[PDB]
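Undergrad: Encoded as structure tokens, here's the structure I'll be asking about.
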Amino acid sequence: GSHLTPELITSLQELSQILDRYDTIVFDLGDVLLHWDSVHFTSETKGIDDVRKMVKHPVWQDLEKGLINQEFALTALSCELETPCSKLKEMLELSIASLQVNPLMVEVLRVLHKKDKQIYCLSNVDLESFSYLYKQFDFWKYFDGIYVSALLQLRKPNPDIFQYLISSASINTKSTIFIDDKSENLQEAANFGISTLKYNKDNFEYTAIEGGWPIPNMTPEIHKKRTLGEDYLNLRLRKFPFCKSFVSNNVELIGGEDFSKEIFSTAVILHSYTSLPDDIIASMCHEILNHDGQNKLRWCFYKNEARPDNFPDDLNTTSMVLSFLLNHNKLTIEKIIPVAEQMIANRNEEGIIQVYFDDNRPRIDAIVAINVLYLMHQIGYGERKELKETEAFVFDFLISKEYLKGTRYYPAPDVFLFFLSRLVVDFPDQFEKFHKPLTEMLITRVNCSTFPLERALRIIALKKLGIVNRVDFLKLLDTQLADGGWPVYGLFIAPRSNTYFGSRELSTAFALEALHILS
Amino acid sequence: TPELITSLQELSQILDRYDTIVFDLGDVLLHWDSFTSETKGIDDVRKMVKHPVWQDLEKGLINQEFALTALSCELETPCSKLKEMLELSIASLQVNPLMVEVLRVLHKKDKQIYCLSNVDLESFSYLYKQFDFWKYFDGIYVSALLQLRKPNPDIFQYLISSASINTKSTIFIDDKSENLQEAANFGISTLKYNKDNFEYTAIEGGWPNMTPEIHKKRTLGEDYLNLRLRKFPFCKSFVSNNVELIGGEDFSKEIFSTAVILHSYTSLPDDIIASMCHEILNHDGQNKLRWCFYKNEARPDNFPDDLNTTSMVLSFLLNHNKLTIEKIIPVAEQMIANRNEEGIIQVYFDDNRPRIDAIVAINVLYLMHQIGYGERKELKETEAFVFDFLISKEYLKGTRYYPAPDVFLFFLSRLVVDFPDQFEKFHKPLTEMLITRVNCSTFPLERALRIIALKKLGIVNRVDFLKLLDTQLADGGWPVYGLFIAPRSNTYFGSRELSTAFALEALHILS
Ligand SMILES: [Cl-]
Ligand SMILES: [Cl-]
Ligand SMILES: [Cl-]
Ligand SMILES: [Cl-]
Ligand SMILES: [Cl-]
Ligand SMILES: [Cl-]
Ligand SMILES: [Cl-]
Ligand SMILES: [Cl-]
Ligand SMILES: [Cl-]
Ligand SMILES: [Cl-]
Ligand SMILES: [Cl-]
Ligand SMILES: [Cl-]
Ligand SMILES: [Cl-]
Ligand SMILES: [Cl-]
Ligand SMILES: [Cl-]
């Protein structure tokens with residue numbers, strides 16, 4: 001008998017010794033951390049009765065990979081399974097509503113987290129189910145990274161999903177064990193050198209895997225597109241370190257004209273793309289410091305030559321600039337704190353910090369509130385009680401889903417979620433209640449629009465929150481133009497004239513950040 | 001080392017030696033005469049066409065608005081100035097009168113003749129409308145429709161495979177050396193066009209992309225469709241209030257879907273054709289060779305026989321030798337007795353339910369020409385109805401029973417291509433419309449219609465075909481699609497069978 005022989009495990013003490021030997025543990029969700037009831041007769045007798053007929057149908061694979069959504073999958077299945085779609089939907093909702101944790105295995109996960117193991121979730125789940133599961137259960141915080149088929153356009157047991165996890169997370173397979181109930185997933189993982197642990201009803205099957213042989217994707221294309229985009233952006237900003245911009249009446253800036261007389265794009269690029277060459281940072285920083293419309297560490301959007309009559313300094317440009325200058329050691333907190341105090345003196349009747357340093361131009365904007373809050377927490381103002389109404393404004397904007405209508409100056413919903421994730425992730429103790437609702441919204445928006453900049457925002461925000469969004473990443477590659485830059489995009493607007501501002505530089509900087517953060 | 005040629009008589013003997021001739025458009029068939037500007041930015045269009053972004057535009061990845069927007073940034077020229085220059089360039093193009101005559105003669109001598117050219121979609125649409133040599137090509141291979149461009153060897157392989165070219169007897173006329181160089185690598189002889197002469201290289205051919213995956217998907221699709229129709233030869237249908245039939249309920253009580261499939265997908269196995277033909281012949285909604293859309297069990301009270309089901313059924317049976325023209329002609333005469341006061345043939349056999357529909361008129365006209373009624377004078381107004389519907393672009397509003405514009409263009413293409421002498425004036429306006437619509441909607445059945453109709457008109461639409469491939473589900477079927485509606489209640493009918501049958505016809509016709 002040449003077949004390897006799994007060591008049977010029947011005592012939690014044994015399980016703990018085995019698991020303690022490994023640096024990295026990979027969990028499945030289904031029937032390891034969760035269980036559910038699949039049988040649901042309804043008020044409708046026609047058709048199937050067991051949700052297992054749906055999840056094992058080939059169409060379910062398209063759902064799992066994010067190619068189709070649940071409405072679409074159920075339409076196809078109502079035909080193939082000769083069952084009214086409204087019954088299929090009812091069956092699926094009831095099954096989903098009946099899911100619970102596996103108490104032993106969630107406790108296992110919590111303990112491995114305490115012991116500072118590296119823990120990853122690798123699972124086939126469709127996108128809307130994943131959203132729901134993320135909100136409903138509370139073991140996600142135990143994971144160092146979450147790899148879900150609907151965000152990957154891959155599914156177990158395809159070898160490519162194991163290869164992508166191993167590469168994405170830099171896994172050393174020799175000290176990695178994989179817990180799953182399906183034998184064909186475990187066999188696929190062992191052939192990558194990962195040791196296996198079969199989760200059975202009353203036992204565990206433990207197979208140590210010496211491994212050692214090397215590992216068999218998109219990676220060559222990726223390196224050339226990254227290089228081509230870098231070269232494109234570096235040439236643009238070495239030639240024009242004052243970031244150019246075009247104005248038009250549509251988000252694609254079709255027929256836009258060169259404007260190039262506002263400092264905010266430059267600040268945005270400094271603030272967001274973390275791999276700029278040092279010489280470009282210096283030249284762009286110089287444009288910030290020497291900008292026309294700086295008055296006593298307050299910044300105006302416009303160069304003086306372009307400033308409309310009576311156009312005030314604004315808190316969005318000032319917050320983002322002060323925050324960048326402080327992070328790069330060009331200003332001290334003690335110089336910034338008096339300007340922050342003027343921001344706190346800029347609240348309106350509801351207590352919300354406003355957009356302009358000008359009592360005759362009252363406005364609020366939830367992204368401007370976010371970036372003001374970011375600066376506040378950065379300088380030590382984080383517990384000033386005068387911030388409470390501004391934070392609640394931001395919180396309700398998220399929870400109410402009002403952000404789906406955009407803000408006054410930023411129409412795209414993902415921009416709000418993106419700048420929010422900077423605050424929620426960089427100051428986690430002060431923003432815990434934002435973490436899950438924010439991550440849940442982002443999950444539901446994976447691949448929901450085609451604009452490269454929007455794609456890139458979702459990639460970066462989700463990855464900073466522990467979740468790998470490979471789908472938006474792939475489609476982001478498809479839209480690089482042949483000179484290596486991405487298309488222009490209108491990131492913000494003058495709302496009364498409906499003028500969009502944007503640049504190829506802005507799109508390309510975020511696209512490269514997204515490519516970098518998943519590398 | 002090329003052989004320099006300056007004798008027309010020689011050229012004629014070189015060209016007579018080849019079965020297959022490939023033309024480029026630039027310099028070979030169209031040349032230009034280059035009007036200044038003191039505005040800021042570039043003066044010659046040469047800088048746009050050599051910019052890497054121009055390649056995206058030629059490959060059909062972006063349109064002209066998009067490319068001009070990027071180019072206006074990289075070239076620091078106002079996009080409106082780039083746009084004006086582009087347009088003046090394209091409109092100053094003129095035919096090459098010698099080559100157009102060479103091409104007319106080769107066509108009249110029965111050669112196989114192809115156009116292989118890098119041109120963006122909107123320019124091609126304009127040039128297709130502007131000039132009248134397109135009719136001498138057997139197949140037009142344009143980069144914006146292929147998502148390939150010269151001189152990459154992929155585009156030559158695609159052409160050789162797509163048109164089944166024997167390179168031994170093929171010669172390529174072009175004026176760029178790198179294009180000819182690449183063609184030679186495939187065994188194709190070259191004729192470099194200069195203004196004073198041709199350089200001719202004879203090259204010995206005759207020696208032997210995504211074909212692996214295409215085959216799997218075609219096999220998977222055929223297996224899905226064959227299983228569905230072996231199990232339900234009365235083609236099923238679902239109904240709902242939206243084109244995707246989200247929320248749709250099984251209906252399967254109308255015969256027209258079965259007729260559409262028999263009529264449109266030409267590779268069904270013999271046994272499925274027989275069972276489905278049996279459903280047509282046994283349909284109880286039938287009365288003296290007129291058909292009703294509904295089974296009797298579902299017929300609404302006083303619902304009449306209609307010319308759309310009847311025309312399509314009679315046409316299919318005549319074509320599959322189940323009925324004779326002599327039995328059909330008295331039904332055709334009843335259709336001619338069904339004109340409204342404007343002289344247009346109506347939808348229903350019932351003077352109390354007066355309706356017209358441009359697709360019903362098309363399928364009636366098709367039957368008429370098939371049976372020898374093609375010159376009856378009573379058809380004149382119905383034909384003018386269809387023509388005005390096309391030319392006026394009113395078809396973009398859909399017809400009464402078919403909301404999707406490509407459905408009208410697709411059924412028109414069958415008529416126009418199957419009876420080419422009676423519909424000449426339709427050919428170019430119809431091909432123009434279809435060209436501007438390449439890749440303009442996501443629905444698979446619509447993609448498929450544009451692919452099939454364009455190929456029948458001699459233009460290879462690979463853009464729509466590649467996107468078609470991505471929407472197949474893992475069981476081999478494409479998603480359900482609402483092909484027609486009961487307009488007063490706004491009910492869509494459709495099936496996965498219909499979507500799948502058309503998608504497979506599209507894959508087959510480009511194979
Ligand atoms: Cl639970
Ligand atoms: Cl959690
Ligand atoms: Cl997969
Ligand atoms: Cl500059
Ligand atoms: Cl400090
Ligand atoms: Cl406001
Ligand atoms: Cl707002
Ligand atoms: Cl904190
Ligand atoms: Cl023509
Ligand atoms: Cl190329
Ligand atoms: Cl049947
Ligand atoms: Cl006959
Ligand atoms: Cl009518
Ligand atoms: Cl109509
Ligand atoms: Cl004819």
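Ordering of the structure tokens sets the chain letters (A, B, ...), residue numbers begin anew at 1 in every chain, and ligands are numbered from 1 in the order given.
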Set the distance at 8 Å and use only C-alpha atoms: which residues neighbour residue 82 in chain A once local chain neighbours fewer than 4 positions away are removed? I'd like the list as a PyMOL selection string.

TA: chain A and resi 47-48+77-78

Undergrad: What would the file look like if the residues just selected were written as a compact mmCIF listing (two decimals), in the first residue's frame with N, CA, C and O atoms?

TA:
# COMPACT_ATOMS: atom_id res chain seq x y z
N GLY A 47 -41.44 21.73 -8.16
CA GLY A 47 -40.00 21.86 -8.35
C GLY A 47 -39.19 21.12 -7.29
O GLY A 47 -39.70 20.29 -6.53
N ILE A 48 -37.89 21.45 -7.26
CA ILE A 48 -36.99 20.86 -6.28
C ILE A 48 -37.34 21.32 -4.87
O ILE A 48 -38.10 22.29 -4.66
N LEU A 77 -31.48 28.99 -13.24
CA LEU A 77 -31.79 27.74 -12.55
C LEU A 77 -33.29 27.45 -12.57
O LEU A 77 -33.68 26.27 -12.62
N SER A 78 -34.14 28.48 -12.53
CA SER A 78 -35.58 28.21 -12.57
C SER A 78 -35.93 27.46 -13.84
O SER A 78 -36.73 26.52 -13.80

Undergrad: Please report as CSV every residue of chain A lying within 9 Å of chain B, along with the nearest atom pair and their distance in Å (one decimal), using only C-alpha atoms.

TA:
residue,atom,partner,partner_atom,distance
A:57,CA,B:475,CA,8.2
A:58,CA,B:474,CA,5.3
A:59,CA,B:474,CA,5.4
A:60,CA,B:474,CA,8.3
A:61,CA,B:474,CA,7.1
A:62,CA,B:474,CA,6.5
A:67,CA,B:471,CA,8.5
A:71,CA,B:246,CA,6.9
A:72,CA,B:246,CA,7.0
A:74,CA,B:246,CA,8.6
A:75,CA,B:246,CA,6.0
A:76,CA,B:479,CA,6.6
A:78,CA,B:249,CA,8.5
A:79,CA,B:250,CA,7.8
A:82,CA,B:250,CA,8.4
A:84,CA,B:249,CA,6.7
A:85,CA,B:247,CA,6.4
A:86,CA,B:247,CA,7.3
A:246,CA,B:73,CA,8.7
A:252,CA,B:66,CA,8.5
A:253,CA,B:69,CA,7.5
A:254,CA,B:69,CA,5.8
A:255,CA,B:79,CA,6.0
A:256,CA,B:69,CA,7.2
A:257,CA,B:78,CA,6.6
A:258,CA,B:78,CA,7.8
A:479,CA,B:61,CA,8.6
A:481,CA,B:53,CA,6.3
A:482,CA,B:52,CA,5.3
A:483,CA,B:52,CA,5.5
A:487,CA,B:70,CA,6.7
A:488,CA,B:70,CA,7.2
A:503,CA,B:73,CA,8.8
A:504,CA,B:70,CA,7.9

Undergrad: Report as a compact mmCIF listing (two decimals) with N, CA and C atoms, in the first residue's frame all protein, DNA and RNA residues lying within 9 Å of residue 372 in chain A, evaluated on only C-alpha atoms, omitting residues in the same chain fewer than 5 positions from it.

TA:
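Okay, part01.txt is ready:
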# COMPACT_ATOMS: atom_id res chain seq x y z
N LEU A 315 -11.14 74.12 3.30
CA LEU A 315 -10.62 73.16 4.28
C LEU A 315 -10.18 71.87 3.64
N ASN A 316 -10.69 71.55 2.46
CA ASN A 316 -10.28 70.31 1.81
C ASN A 316 -8.84 70.40 1.29
N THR A 318 -6.65 72.63 2.36
CA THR A 318 -5.82 72.88 3.54
C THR A 318 -5.61 71.61 4.37
N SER A 319 -6.67 70.88 4.65
CA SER A 319 -6.50 69.62 5.39
C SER A 319 -5.55 68.68 4.68
N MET A 320 -5.71 68.52 3.37
CA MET A 320 -4.91 67.49 2.70
C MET A 320 -3.46 67.92 2.63
N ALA A 340 -5.98 74.19 12.76
CA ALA A 340 -7.04 73.24 13.13
C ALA A 340 -8.07 73.92 14.01
N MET A 343 -10.45 75.59 12.02
CA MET A 343 -11.43 74.69 11.43
C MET A 343 -12.55 74.40 12.41
N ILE A 353 -18.40 70.83 10.72
CA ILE A 353 -17.33 71.66 10.18
C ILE A 353 -17.56 71.87 8.69
N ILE A 367 -16.76 64.20 2.33
CA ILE A 367 -15.34 63.87 2.15
C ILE A 367 -14.47 64.96 2.77
N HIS A 377 -7.29 63.89 14.01
CA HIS A 377 -6.73 62.78 14.74
C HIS A 377 -5.21 62.75 14.61

Undergrad: Quick one: contact table of chain B to ligand 9, 12 Å max, nearest atom pair and distance in Å to one decimal per residue, counting only C-alpha atoms and all ligand atoms, chain and number order, as a tab-separated table?

TA:
residue	atom	partner	partner_atom_place_in_ligand_line	distance
B:100	CA	ligand 9	1 (Cl)	11.2
B:103	CA	ligand 9	1 (Cl)	12.0
B:104	CA	ligand 9	1 (Cl)	11.0
B:127	CA	ligand 9	1 (Cl)	9.9
B:128	CA	ligand 9	1 (Cl)	7.2
B:129	CA	ligand 9	1 (Cl)	8.0
B:130	CA	ligand 9	1 (Cl)	8.8
B:131	CA	ligand 9	1 (Cl)	6.3
B:132	CA	ligand 9	1 (Cl)	3.4
B:133	CA	ligand 9	1 (Cl)	4.6
B:134	CA	ligand 9	1 (Cl)	3.8
B:135	CA	ligand 9	1 (Cl)	4.2
B:136	CA	ligand 9	1 (Cl)	7.3
B:137	CA	ligand 9	1 (Cl)	8.8
B:138	CA	ligand 9	1 (Cl)	11.5
B:140	CA	ligand 9	1 (Cl)	11.5
B:424	CA	ligand 9	1 (Cl)	10.6
B:425	CA	ligand 9	1 (Cl)	10.8
B:426	CA	ligand 9	1 (Cl)	11.7
B:427	CA	ligand 9	1 (Cl)	8.9
B:428	CA	ligand 9	1 (Cl)	6.9
B:429	CA	ligand 9	1 (Cl)	10.4
B:430	CA	ligand 9	1 (Cl)	11.9
B:431	CA	ligand 9	1 (Cl)	10.1
B:432	CA	ligand 9	1 (Cl)	10.6
B:457	CA	ligand 9	1 (Cl)	11.3
B:458	CA	ligand 9	1 (Cl)	11.4

Undergrad: Take the residues just selected and output them with N, CA, C and O atoms as a short mmCIF file (atom, residue, chain, number, x, y, z; two decimals), in the first residue's frame.

TA:
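File written: out.cif
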data_model
loop_
_atom_site.label_atom_id
_atom_site.label_comp_id
_atom_site.auth_asym_id
_atom_site.auth_seq_id
_atom_site.Cartn_x
_atom_site.Cartn_y
_atom_site.Cartn_z
N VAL B 100 -8.74 51.13 -58.30
CA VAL B 100 -10.15 50.78 -58.26
C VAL B 100 -10.54 50.05 -59.53
O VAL B 100 -11.38 49.13 -59.51
N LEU B 103 -9.28 46.61 -59.41
CA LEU B 103 -10.09 45.82 -58.50
C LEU B 103 -11.41 45.42 -59.17
O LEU B 103 -11.85 44.27 -59.08
N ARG B 104 -12.01 46.35 -59.91
CA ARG B 104 -13.23 46.04 -60.64
C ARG B 104 -13.00 44.92 -61.65
O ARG B 104 -13.83 44.02 -61.81
N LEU B 127 -16.00 55.89 -44.54
CA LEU B 127 -15.46 55.50 -45.85
C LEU B 127 -16.35 54.48 -46.54
O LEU B 127 -16.46 54.49 -47.78
N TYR B 128 -16.97 53.58 -45.77
CA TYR B 128 -17.92 52.63 -46.35
C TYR B 128 -19.08 53.37 -47.00
O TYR B 128 -19.55 52.98 -48.07
N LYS B 129 -19.55 54.44 -46.38
CA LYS B 129 -20.64 55.22 -46.96
C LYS B 129 -20.16 56.04 -48.16
O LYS B 129 -20.88 56.18 -49.14
N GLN B 130 -18.94 56.57 -48.10
CA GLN B 130 -18.45 57.55 -49.07
C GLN B 130 -18.10 56.96 -50.42
O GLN B 130 -18.19 57.66 -51.43
N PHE B 131 -17.63 55.72 -50.47
CA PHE B 131 -17.04 55.18 -51.68
C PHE B 131 -17.80 53.94 -52.11
O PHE B 131 -18.57 53.35 -51.34
N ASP B 132 -17.57 53.52 -53.37
CA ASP B 132 -18.40 52.47 -53.96
C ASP B 132 -17.59 51.34 -54.56
O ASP B 132 -18.07 50.64 -55.45
N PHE B 133 -16.39 51.12 -54.06
CA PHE B 133 -15.64 49.95 -54.47
C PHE B 133 -15.81 48.77 -53.50
O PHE B 133 -15.31 47.68 -53.77
N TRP B 134 -16.54 48.96 -52.38
CA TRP B 134 -16.60 47.89 -51.38
C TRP B 134 -17.24 46.64 -51.98
O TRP B 134 -16.92 45.51 -51.57
N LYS B 135 -18.10 46.83 -52.99
CA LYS B 135 -18.83 45.72 -53.59
C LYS B 135 -17.92 44.76 -54.36
O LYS B 135 -18.33 43.64 -54.64
N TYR B 136 -16.68 45.14 -54.65
CA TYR B 136 -15.76 44.21 -55.29
C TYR B 136 -15.05 43.28 -54.33
O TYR B 136 -14.33 42.37 -54.78
N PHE B 137 -15.18 43.48 -53.01
CA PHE B 137 -14.54 42.60 -52.03
C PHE B 137 -15.43 41.41 -51.71
O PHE B 137 -16.66 41.53 -51.66
N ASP B 138 -14.82 40.25 -51.51
CA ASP B 138 -15.52 39.07 -51.01
C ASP B 138 -15.59 39.05 -49.49
O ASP B 138 -16.56 38.53 -48.94
N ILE B 140 -14.23 41.77 -46.05
CA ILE B 140 -13.59 42.98 -45.53
C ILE B 140 -13.13 42.72 -44.09
O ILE B 140 -13.94 42.34 -43.22
N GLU B 424 -30.96 45.54 -54.08
CA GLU B 424 -29.69 46.26 -54.19
C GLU B 424 -29.69 47.55 -53.39
O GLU B 424 -28.72 47.84 -52.68
N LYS B 425 -30.74 48.36 -53.51
CA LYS B 425 -30.61 49.65 -52.87
C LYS B 425 -30.59 49.55 -51.34
O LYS B 425 -30.28 50.55 -50.69
N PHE B 426 -30.94 48.39 -50.77
CA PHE B 426 -30.91 48.17 -49.31
C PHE B 426 -29.51 47.85 -48.84
O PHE B 426 -29.18 48.13 -47.68
N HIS B 427 -28.68 47.28 -49.71
CA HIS B 427 -27.44 46.64 -49.27
C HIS B 427 -26.55 47.59 -48.49
O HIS B 427 -26.13 47.27 -47.37
N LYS B 428 -26.26 48.77 -49.03
CA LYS B 428 -25.28 49.64 -48.37
C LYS B 428 -25.84 50.37 -47.16
O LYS B 428 -25.16 50.47 -46.14
N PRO B 429 -27.02 50.97 -47.23
CA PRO B 429 -27.55 51.57 -45.99
C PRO B 429 -27.68 50.54 -44.89
O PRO B 429 -27.42 50.87 -43.71
N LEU B 430 -28.00 49.27 -45.23
CA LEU B 430 -28.14 48.25 -44.20
C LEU B 430 -26.78 47.92 -43.60
O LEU B 430 -26.64 47.83 -42.38
N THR B 431 -25.74 47.75 -44.45
CA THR B 431 -24.41 47.45 -43.94
C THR B 431 -23.84 48.61 -43.13
O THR B 431 -23.19 48.38 -42.10
N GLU B 432 -24.06 49.86 -43.58
CA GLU B 432 -23.66 51.03 -42.80
C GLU B 432 -24.25 50.99 -41.39
O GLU B 432 -23.53 51.19 -40.41
N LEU B 457 -23.27 39.98 -45.03
CA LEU B 457 -22.90 41.14 -45.82
C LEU B 457 -21.40 41.24 -46.10
O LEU B 457 -20.97 42.24 -46.65
N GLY B 458 -20.60 40.23 -45.74
CA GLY B 458 -19.19 40.23 -46.10
C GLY B 458 -18.23 40.98 -45.20
O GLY B 458 -17.11 41.31 -45.62
#

Undergrad: Residues at most 6 Å from ligand 7, using only C-alpha atoms and all ligand atoms? Could they come as a list in words?

TA: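 With only C-alpha atoms and all ligand atoms and a cut-off of 6 Å, ligand 7 is contacted by residues 364, 365, 366, 407 and 408 of chain A.
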
Undergrad: Restricting it to C-alpha atoms, dump the selection as a PDB file, in the first residue's frame.

TA:
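Listing of selection.pdb after writing:
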ATOM      1  CA  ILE A 364     -20.681  70.937   4.060  1.00  0.00           C
ATOM      2  CA  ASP A 365     -19.160  67.952   2.262  1.00  0.00           C
ATOM      3  CA  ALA A 366     -18.723  64.480   3.768  1.00  0.00           C
ATOM      4  CA  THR A 407     -21.040  64.353  -2.077  1.00  0.00           C
ATOM      5  CA  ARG A 408     -21.330  67.982  -3.110  1.00  0.00           C
TER       6      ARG A 408
END

Undergrad: I'd like the contact shell of range 331-333 of chain A - 10 Å cut-off, only C-alpha atoms, skipping same-chain residues fewer than 6 positions apart - returned as a PDB file with N, CA, C and O atoms, in the first residue's frame.

TA:
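The file below, part26.pdb, is the result:
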ATOM      1  N   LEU A 297      -0.556  79.276   6.303  1.00  0.00           N
ATOM      2  CA  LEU A 297      -0.846  77.847   6.330  1.00  0.00           C
ATOM      3  C   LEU A 297      -2.327  77.527   6.040  1.00  0.00           C
ATOM      4  O   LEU A 297      -2.824  76.462   6.403  1.00  0.00           O
ATOM      5  N   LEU A 322      -1.858  70.197   4.804  1.00  0.00           N
ATOM      6  CA  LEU A 322      -1.247  70.144   6.143  1.00  0.00           C
ATOM      7  C   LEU A 322      -0.932  68.710   6.530  1.00  0.00           C
ATOM      8  O   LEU A 322       0.152  68.423   7.052  1.00  0.00           O
ATOM      9  N   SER A 323      -1.848  67.786   6.222  1.00  0.00           N
ATOM     10  CA  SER A 323      -1.649  66.400   6.607  1.00  0.00           C
ATOM     11  C   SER A 323      -0.447  65.793   5.892  1.00  0.00           C
ATOM     12  O   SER A 323       0.379  65.130   6.524  1.00  0.00           O
ATOM     13  N   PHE A 324      -0.302  66.051   4.580  1.00  0.00           N
ATOM     14  CA  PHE A 324       0.895  65.618   3.848  1.00  0.00           C
ATOM     15  C   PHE A 324       2.168  66.306   4.365  1.00  0.00           C
ATOM     16  O   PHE A 324       3.219  65.667   4.512  1.00  0.00           O
ATOM     17  N   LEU A 325       2.114  67.614   4.605  1.00  0.00           N
ATOM     18  CA  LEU A 325       3.320  68.294   5.061  1.00  0.00           C
ATOM     19  C   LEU A 325       3.782  67.742   6.411  1.00  0.00           C
ATOM     20  O   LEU A 325       4.985  67.531   6.627  1.00  0.00           O
ATOM     21  N   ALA A 340      -5.982  74.189  12.760  1.00  0.00           N
ATOM     22  CA  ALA A 340      -7.036  73.242  13.130  1.00  0.00           C
ATOM     23  C   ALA A 340      -8.074  73.916  14.012  1.00  0.00           C
ATOM     24  O   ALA A 340      -9.267  73.653  13.889  1.00  0.00           O
ATOM     25  N   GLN A 378      -4.655  63.272  13.520  1.00  0.00           N
ATOM     26  CA  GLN A 378      -3.216  63.168  13.290  1.00  0.00           C
ATOM     27  C   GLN A 378      -2.446  64.075  14.231  1.00  0.00           C
ATOM     28  O   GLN A 378      -1.311  63.762  14.602  1.00  0.00           O
ATOM     29  N   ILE A 379      -3.029  65.224  14.594  1.00  0.00           N
ATOM     30  CA  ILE A 379      -2.306  66.187  15.405  1.00  0.00           C
ATOM     31  C   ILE A 379      -2.599  66.037  16.901  1.00  0.00           C
ATOM     32  O   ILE A 379      -2.082  66.831  17.693  1.00  0.00           O
ATOM     33  N   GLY A 380      -3.468  65.098  17.300  1.00  0.00           N
ATOM     34  CA  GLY A 380      -3.868  64.954  18.692  1.00  0.00           C
ATOM     35  C   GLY A 380      -5.173  65.600  19.103  1.00  0.00           C
ATOM     36  O   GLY A 380      -5.493  65.585  20.304  1.00  0.00           O
TER      37      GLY A 380
END

Undergrad: From a DSSP calculation on the backbone, collect every residue of range 94-302 of chain B in strand (DSSP E or B) and output the set as a VMD selection string.

TA: chain B and resid 94 to 95 112 to 117 139 to 142 170 to 174 189 to 193 198 to 201 238 to 240 249 to 250 254 286 to 287 290 to 291 294

Undergrad: So which residues are near ligand 6, meaning at most 12 Å away with only C-alpha atoms and all ligand atoms counted, given back as a list in words?

TA: residues 348, 350, 352, 353, 354, 355, 356, 361, 362, 363, 364, 365, 366, 368, 369, 407, 408, 409, 495 and 496 of chain A

Undergrad: When you look at range 380-394 of chain B with a cut-off of 10 Å (counting only C-alpha atoms), what residues show up, excluding the ones that are within fewer than 6 positions of it in the same chain? I need them as a VMD selection string.

TA: chain B and resid 336 339 342 to 346 356 to 362 364 to 365 374 405 408 to 409 412 423 425 to 426 429 to 430 433

Undergrad: Write out as a PyMOL selection string each polymer residue whose atoms come within 6 Å of residue 192 in chain B, counting only C-alpha atoms; drop sequence neighbours fewer than 5 positions from it.

TA: chain B and resi 173-175+198-199

Undergrad: I need the chosen residues saved as a PDB file, in the first residue's frame, with N, CA, C and O atoms.

TA:
ATOM      1  N   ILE B 173      -1.314  43.114 -52.098  1.00  0.00           N
ATOM      2  CA  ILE B 173      -0.968  44.433 -52.624  1.00  0.00           C
ATOM      3  C   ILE B 173      -1.000  45.437 -51.473  1.00  0.00           C
ATOM      4  O   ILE B 173      -2.065  45.709 -50.896  1.00  0.00           O
ATOM      5  N   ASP B 174       0.146  46.035 -51.172  1.00  0.00           N
ATOM      6  CA  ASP B 174       0.252  46.938 -50.037  1.00  0.00           C
ATOM      7  C   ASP B 174       1.426  47.860 -50.318  1.00  0.00           C
ATOM      8  O   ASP B 174       2.274  47.564 -51.165  1.00  0.00           O
ATOM      9  N   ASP B 175       1.500  48.962 -49.583  1.00  0.00           N
ATOM     10  CA  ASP B 175       2.588  49.892 -49.811  1.00  0.00           C
ATOM     11  C   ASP B 175       3.540  50.024 -48.628  1.00  0.00           C
ATOM     12  O   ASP B 175       4.547  50.712 -48.752  1.00  0.00           O
ATOM     13  N   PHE B 198       5.407  48.832 -59.322  1.00  0.00           N
ATOM     14  CA  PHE B 198       5.182  47.800 -58.326  1.00  0.00           C
ATOM     15  C   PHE B 198       6.445  46.967 -58.169  1.00  0.00           C
ATOM     16  O   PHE B 198       7.077  46.602 -59.172  1.00  0.00           O
ATOM     17  N   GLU B 199       6.803  46.648 -56.913  1.00  0.00           N
ATOM     18  CA  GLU B 199       7.804  45.620 -56.633  1.00  0.00           C
ATOM     19  C   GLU B 199       7.091  44.306 -56.344  1.00  0.00           C
ATOM     20  O   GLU B 199       6.267  44.226 -55.427  1.00  0.00           O
TER      21      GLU B 199
END

Undergrad: To one decimal place, how far is CA of residue 10 in chain A from CA of residue 156 in chain A in Å?

TA: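 CA of residue 156 in chain A lies at a distance of 27.1 Å from CA of residue 10 in chain A.
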
Undergrad: For CA of residue 156 in chain B and CA of residue 181 in chain B, quote the distance in Å rounded to one decimal.

TA: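 We find that CA of residue 156 in chain B and CA of residue 181 in chain B lie 11.3 Å from each other.
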
Undergrad: So which residues are near ligand 12, meaning at most 8 Å away with only C-alpha atoms and all ligand atoms counted, given back as a list in words?

TA: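 Those within range of ligand 12 are residues 318, 321, 323, 324, 325 and 326 of chain B.
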